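Data first, discussion second: the structure below is written as structure tokens.
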DNA sequence: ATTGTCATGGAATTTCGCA
DNA sequence: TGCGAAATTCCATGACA
DNA sequence: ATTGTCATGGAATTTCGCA
DNA sequence: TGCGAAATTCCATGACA
Ligand SMILES: [Mn+2]
Ligand SMILES: [Mn+2]
Ligand SMILES: [Mn+2]
Ligand SMILES: [Mn+2]
Ligand SMILES: [Mn+2]
Ligand SMILES: [Mn+2]
Ligand SMILES: [N+]
Ligand SMILES: [N+]
Ligand SMILES: [Zn+2]
Ligand SMILES: [Zn+2]
């Protein structure tokens, strides 16, 4: 806009241009003498190009982009123009890291009863032991009771074989797993459907969602490690011992073992508890029902000072799963369709797909 | 000690045994009727064995070990005996994770002058580009000015070639690097010695120690990524452009570019600063000397509520560098010989070697 | 004396030989004395090593105070005695020629034999795959004496397969024929 | 007018042909007008493409406002003109047959020729490896006019190689002989 | 069409043993 | 009640992915 | 014989433009 | 001085290894 800059030269007032300054012409350029020195005021129609050029030198954020521009130019509200172009630079949007933390984690209620919900997962690959490389880990959600099965592969067929053995004891209402191939196959879906078992799946690339079983990997591997110190890593023969040891281990916050939570009485293992020896089984079971309902439940921790929570219609970007070397870590912006809970949302891609994702794998798109 | 348990049975007082309880004999065992129920009091000489047996079931910590024992037994100060055996179980000491955080980081003074200290490092491997796979990155510590060299390998010979080119401009007092093979070879030591350059080495497996250059990888890879969006990853031809772009980028906390900090005036690049156009070079250089001494210096952040700091004579354990599957994450205990600063110590192994290590790669040995 | 509890006593016994099913010929039957809960393990032989291998699986879940059996060779061997001793399990034996000790247990044995006969009609080599179904039926069968299923007494909850037992309690004609055809 | 500054003007020129050193035959000499700071680049030819390649290295560190040269073909080509234009560099040329414009620069040229002659005695093909040494000597040479070394004027600090210049300022007998032997 | 978990071992807090 | 020692409970830290 | 760093973009704080 | 808008400064967050 040279018309706007015209009035300015002949001393008239234009909004945004502080009136206490002298706006002169020199070398066919409008200039102002500002406290920092003399600056060129470009016409409106030149400004987007100037911002773009300064930004593109190193694809810099707000302040770094502004410092370049301000070396030569001045105009009203320069940062407003800077932020407009940052919000439109696709390269920066998909490459830059977020500086906002996810909102605070949920602590879902413990399942009410044993066999209400199993969490299942694979550990491995481990050093080969009798030809086996993996462990299927099945954790009852109420009790924390855990079954271990050695397998040769993290496959559906091995999952099915192991679970046919386990479910001889009882059938769970729900099986929760991640999106590993063993669990998402149609063969596994059929297996579950035959048995009246509902399959439940974590949002993708979010092991925390299966935290109950992921956390068990740690105790299992730690015990195996301890038992194998100074020996070849022959873990196959140790699995049954580790299963039994861990199922009879007290959790200090609970003051019960998973075995006790499942059966209500210790079996013939070392240091068996004897407090209900004089009760009948019916009384013992009645005590058990009460113990189960009164276990500690953790609460949601406080939000960190700069966290975000999703809102329907908000622009967000999904983390790229396995980004290649020198490729962006984020997908193109998408829109939040549904907030399932404060930590889980349904998004629509630019390519029209509905995806249920964890907020830990989203960033809110910067610069509105 | 049956003698001790003898006096107890005939009603006499022994220290540690609360006098308000009835200590009877049954099945050839000394027993006490405690609020929780009847417990066996084993003789002193039996107690270490009992603790060991309960602990060894699942190699459990203090409370979990205690809960097992207390199912059957009672004696004075049972946890004191539990902790004694936890402190002696090697398997647990070398396998368990620390629950104490490192003390707060140091923020070393910025080097006084350009060329006082270079930090050097390799990025890569990257996608092959004209046969090149790595980038040698050289960062001047005072200015943050950064030179980039494409190489085929992260080797001494390539490091030497690149540095012969760079040091044509000037020779640094000190070169700081990590313990990568390129930098620790006798050939590199000779190269540096010929030139009067002092070599300085990070403590092992501690990239933070080279944080000045590690942090640069991020800006370099981010810019390359941005420029390569939607194109094959041909980064070789972009290195010189990225070098120039980043050296002329403002850091917002500084309000200067590395170029400005090095030369005191912008060269003929876009949006060059013009504030010293009317000064002579001598005046410009005088302004530069003052700008260099007044840059922001960050201070040490506060300690977290449960951090530790090393003390001469303290037992500590070094993190195992690349632990194998199902093998311990910690070395056997060793002793702190010298505290170089609160974050860096010299340790003596059990095998007599002196090692300079970061406290981030130590834990203090548990249970005294 | 103290009330009876799960894991006080496991009664064990072999059933078989059965038609070959995936290499297997016998079922080791384990019944918890107090609850009636049944565990079934397929084996290739009624041997000490087959018994130990099967019971290593069961005892990774729960260890009995006492195991009760007849005087079958697999159970009276010194190897099985040492296995039991290692685990603090007391072995109890019925006197020779009086192999039947507990009626509750024997009822379970005939329930198993009957359920197998019903299920194996036209598919005698398929029992390996059917063991889970049999076990679930047994353990969700109401006991008129105890007034609960073994599942309820072992876990203290209702089950998700309450109608796992569809046993008509006597063999039909075709079921008796298939059993007859198998021996012939 | 405004005081002179580093990067106002780079004077460039070729020196050579020299004895072959690792395939290289020429040195492109770049001198910053204000500071006297010298950059040396080995090339295989005094060509536009060699000049552009060398100057792509230098201009990844600092871009001059003006480049000054004689009318050598490498510098007057349309390709070099377009290279300069892409980077906002103004090209300035001395008139033909008056190739010497700045005495400060010409003194540097003879310093280079003299330093090379001294260093290359008995090793004429070894100059490639010696370029860094030459450059360091030049840039740490006190200027009686300016009262500083080029290093001090470019960086505003003292240098870590203050005694890089050991030039005796005239050739000795053996040095003049080695130069004589090279042409013969 | 869903959602973090929990062993660990010093420190903080509460209970015990005695008066 | 009130004191000092022992027991228990709290909970930051790190590690499973 | 040593040691973390710093781009980023909302929010918090300070300065500007005017009266 | 005192107000509202613009500019600048602060700084949690995450990522380089
Ligand atoms: Mn998984
Ligand atoms: Mn490195
Ligand atoms: Mn029998
Ligand atoms: Mn029978
Ligand atoms: Mn010439
Ligand atoms: Mn000349
Ligand atoms: N929930
Ligand atoms: N320092
Ligand atoms: Zn950008
Ligand atoms: Zn241990």
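Chains as they are written, first to last, in the authors' numbering: chain A, 8 to 375; chain A', 8 to 375; chain B, 116 to 299; chain B', 116 to 299. A prime marks a further copy of an entry chain.
Each residue gets a CB set at the ideal place from its N, CA and C atoms; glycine is no exception.
**Report entry** Delimiting residues of the alpha helix (DSSP H) encompassing residue 191(A')
**Finding:** Residue 191(A') sits at position 184 when you count from the first residue of the second chain. Secondary structure note for residue 191(A'): its alpha helix (DSSP H) is the uninterrupted segment 188-191.
Query raised in the report: Short check: CB of residue 316(A') to CB of residue 349(A'), under 8 angstroms?
Result: If you number the second chain from 1, residue 316(A') lands on position 309. If you number the second chain from 1, residue 349(A') lands on position 342. Result yes, Cβ atoms of residue 316(A') and residue 349(A') sit closer than 8 angstroms.
Report task. Determine the burial state of residue 31(A'): buried for a count of at least 16 other Cβ atoms within 10 Å of its Cβ, exposed for fewer. Result -> As a position in the second chain, residue 31(A') is number 24, starting the count at 1. Burial call: exposed.
Query raised in the report: For residue 291(A'), does the count of other Cβ atoms within 10 angstroms reach 16, so buried, or fall short, so exposed?
Result: The residue given as residue 291(A') occupies position 284 in the second chain. Buried, by the Cβ-count rule.
Report task. Using only the heavy atoms of ligand 8, determine whether one of them is closer than 7 angstroms to the beta carbon of residue 115(A'). Result -> As a working mapping, residue 115(A') is identified with position 108 in the second chain. For ligand 8, at least one heavy atom lies less than 7 angstroms from the Cβ of residue 115(A').
Requested in this report: Tell me the start and end of each unbroken beta strand (DSSP E) in the region 92-146 of chain A' that is at least 3 residues and wholly inside, in chain order.
Outcome: Listed in chain order, they are 124-130.
**Report entry** Proximity test, residue 80(A') beta-carbon vs ligand 3 heavy atom, cut-off 7 angstroms
**Finding:** As a working note, residue 80(A') is residue 73 in the second chain. Flag unset: Cβ of residue 80(A') not near ligand 3.
Requested in this report: Determine the chain A residues that contact residue 334(A') at a beta-carbon separation under 7 angstroms, and present them in chain order.
Outcome: For this step, residue 334(A') is matched to residue 327 along the second chain. Within chain A, the residues whose beta carbon sits less than 7 angstroms from that of residue 334(A') are 232, listed in sequence order.
Query - Beta-carbon proximity of residue 247(B) to residue 174(A), cut-off 8 angstroms - result: Looking up residue 247(B) in the third chain gives position 132. Looking up residue 174(A) in the first chain gives position 167. Between residue 247(B) and residue 174(A), the C-beta gap is smaller than 8 angstroms, which places the two residues in contact.
Requested in this report: For residue 23(A'), collect the residues of the same chain with a Cβ closer than 6 angstroms to its Cβ; drop the 5 residues on either side in sequence, then sort them by chain order.
Outcome: Along the second chain, one-based indexing puts residue 23(A') at 16. Result list for residue 23(A'): 83, in chain order.
Query raised in the report: Mind checking if residue 280(A') is an interface residue toward chain B', Cβ cutoff 8 angstroms exclusive?
Result: For the purposes of this step, residue 280(A') is identified with residue 273 of the second chain, where counting begins at 1. No, residue 280(A') does not count as interfacial toward chain B'.
Query raised in the report: In chain A', what lies closer than 9 angstroms to residue 203(B') by C-beta?
Result: Locating residue 203(B') in the fourth chain gives position 88, counting from the first residue. Neighbours of residue 203(B') on chain A', chain order: 275, 276 and 277.
Requested in this report: Check the Cβ-Cβ distances between residue 70(A) and every residue of chain A', and say whether any is below 8 angstroms.
Outcome: In the first chain, residue 70(A) corresponds to position 63, counting from 1. For residue 70(A), the nearest beta carbon of chain A' is closer than 8 angstroms to its own beta carbon.
Requested in this report: Taking residue 76(A) as the query, report the chain A' residues whose CB atoms sit under 9 angstroms from its CB, ordered along the chain.
Outcome: Taking the first residue of the first chain as 1, we reach residue 76(A) at position 69. Under a criterion of Cβ atoms nearer than 9 angstroms, the residues of chain A' adjacent to residue 76(A) are, in order, 278.
Query - Other residues of its chain near residue 65(A): CB distance less than 8 angstroms, five sequence neighbours each side excluded - result: Taking the first residue of the first chain as position 1, residue 65(A) is located at position 58. The beta carbon of residue 65(A) is closer than 8 angstroms to those of 71 in its chain, skipping five residues each way along the sequence.
Query - Nonlocal neighbours in the same chain, by C-beta distance under 7 angstroms from residue 327(A), ignoring five residues either side - result: Residue 327(A) sits at position 320 when you count from the first residue of the first chain. So the list reads 335, 336, 337 and 338, once near-sequence residues are dropped.
Requested in this report: Compare the C-alpha of residue 217(A) against each of 18(A), 166(A) and 148(A) and name the closest.
Outcome: Taking the first chain and counting its residues from 1, one reaches residue 217(A) at position 210. For residue 217(A), the closest C-alpha among the options 18(A), 166(A) and 148(A) is that of 148(A).
Query raised in the report: Between the region 129-138 of chain B' and the region 283-298 of chain A', do three or more beta carbon pairs fall short of 8 angstroms?
Result: Between the region 129-138 of chain B' and the region 283-298 of chain A' there are fewer than three inter-stretch CB-CB distances shorter than 8 angstroms, so the stretches are not counted as touching.
Query raised in the report: Counting only beta-carbon atoms, is residue 259(A') nearer than 8 angstroms to chain A?
Result: Translated into the one-based positions of the second chain, residue 259(A') becomes position 252. Judged by the 8 angstroms Cβ criterion, residue 259(A') is in contact with chain A.
Query raised in the report: Does the region 318-325 of chain A come close enough to the region 75-91 of chain A that 3 or more CB-CB pairs lie under 8 angstroms?
Result: Cβ pair count under 8 angstroms is below three, so no.
Requested in this report: Could you pull out every residue in the same chain whose Cβ sits closer than 7 angstroms to the Cβ of residue 186(A), ignoring the five residues on either side in sequence?
Outcome: Position 179 of the first chain, counted from the first residue, corresponds to residue 186(A). Closer than 7 angstroms at Cβ, skipping near neighbours: 208, 209 and 211.
Query raised in the report: Using a C-beta to C-beta distance shorter than 9 angstroms, which residues of chain B count as neighbours of residue 215(A)?
Result: Counted from its first residue, the first chain places residue 215(A) at position 208. Within 9 angstroms Cβ-Cβ: nothing; residue 215(A) doesn't reach chain B, min ~27 angstroms.
Query raised in the report: By the criterion of Cβ-Cβ separation under 9 angstroms, what are the contact partners of residue 66(A) in chain A'?
Result: The residue you call residue 66(A) lines up with position 59 of the first chain. Neighbours of residue 66(A) on chain A', chain order: 229, 230, 233, 234 and 252.
Requested in this report: Could you work out which residues of chain A' lie near residue 190(B'), taking near to mean beta carbons separated by less than 7 angstroms?
Outcome: Residue 190(B') sits at position 75 when you count from the first residue of the fourth chain. The CB of residue 190(B') never comes closer than 7 angstroms to any CB in chain A'; the least such distance is about 18 angstroms.
Query raised in the report: How about residue 219(A') and residue 146(A'): are their beta carbons less than 8 angstroms apart?
Result: Your numbering for residue 219(A') matches position 212 in the second chain. Your numbering for residue 146(A') matches position 139 in the second chain. Their beta carbons are under 8 angstroms apart, which means residue 219(A') touches residue 146(A') by this criterion.
Query raised in the report: Is residue 98(A) near ligand 9, going by C-beta to nearest heavy atom under 7 angstroms?
Result: Translated into positions along the first chain, residue 98(A) becomes position 91. Because some heavy atom of ligand 9 lies under 7 angstroms away, the Cβ of residue 98(A) counts as near it: yes.
Requested in this report: Indicate whether residue 232(A) and residue 59(A') have their beta-carbon atoms separated by less than 8 angstroms.
Outcome: Your numbering for residue 232(A) matches position 225 in the first chain. Your numbering for residue 59(A') matches position 52 in the second chain. Not closer than 8 angstroms, so no.
Query - Rounded Cβ spacing between residue 279(B') and residue 251(B') (contact assumed at less than 8 angstroms) - result: On the fourth chain, position 164 is the one that residue 279(B') refers to. On the fourth chain, position 136 is the one that residue 251(B') refers to. Correct: roughly 4 angstroms between the Cβ atoms.
Report task. Check the C-beta distance from residue 372(A) over to residue 354(A) and give it rounded, since I have them as a contact under 8 angstroms. Result -> Counting from 1 along the first chain, the entry for residue 372(A) is found at position 365. Counting from 1 along the first chain, the entry for residue 354(A) is found at position 347. Contact doesn't hold; Cβ gap of about 12 angstroms is too wide.
**Report entry** Element boundaries [beta strand (DSSP E), containing residue 154(A)]
**Finding:** Position 147 of the first chain, counting from 1, holds the residue named residue 154(A). Where residue 154(A) is concerned, the enclosing beta strand (DSSP E) starts and stops at 153-158.
Query raised in the report: CB of residue 212(A') to nearest heavy atom of ligand 2: below 7 angstroms?
Result: As a position in the second chain, residue 212(A') is number 205, starting the count at 1. No, the Cβ of residue 212(A') stays beyond 7 angstroms of every heavy atom of ligand 2.
Query raised in the report: Mapping DSSP to helix, strand and coil, what is residue 224(A)?
Result: As a position in the first chain, residue 224(A) is number 217, starting the count at 1. In this structure, residue 224(A) counts as helix in the three-state DSSP scheme.
**Report entry** Extent of the continuous alpha helix (DSSP H) to which residue 270(B') belongs
**Finding:** Translated into the one-based positions of the fourth chain, residue 270(B') becomes position 155. First-last of the alpha helix (DSSP H) with residue 270(B'): 265-270.
Query - Same chain, Cβ closer than 6 angstroms to residue 274(B'), five either side skipped, listed in chain order - result: Your numbering for residue 274(B') matches position 159 in the fourth chain. Around residue 274(B'), the same chain offers 255 and 266 as residues with beta carbons nearer than 6 angstroms, after the five sequence neighbours per side are excluded.
Report task. Find the residues of chain A' that neighbour residue 308(A), judging by a C-beta separation of less than 9 angstroms, and give them in chain order. Result -> Position 301 of the first chain, counted from the first residue, corresponds to residue 308(A). Here the premise fails: no neighbours, minimum Cβ distance about 15 angstroms.
Query raised in the report: Going along the chain, which residues put their C-beta within less than 5 angstroms of some heavy atom in ligand 2?
Result: Sorted by chain position, residues whose beta-carbon lies closer than 5 angstroms to a non-hydrogen atom of ligand 2 are 128(A'), 185(A') and 187(A').
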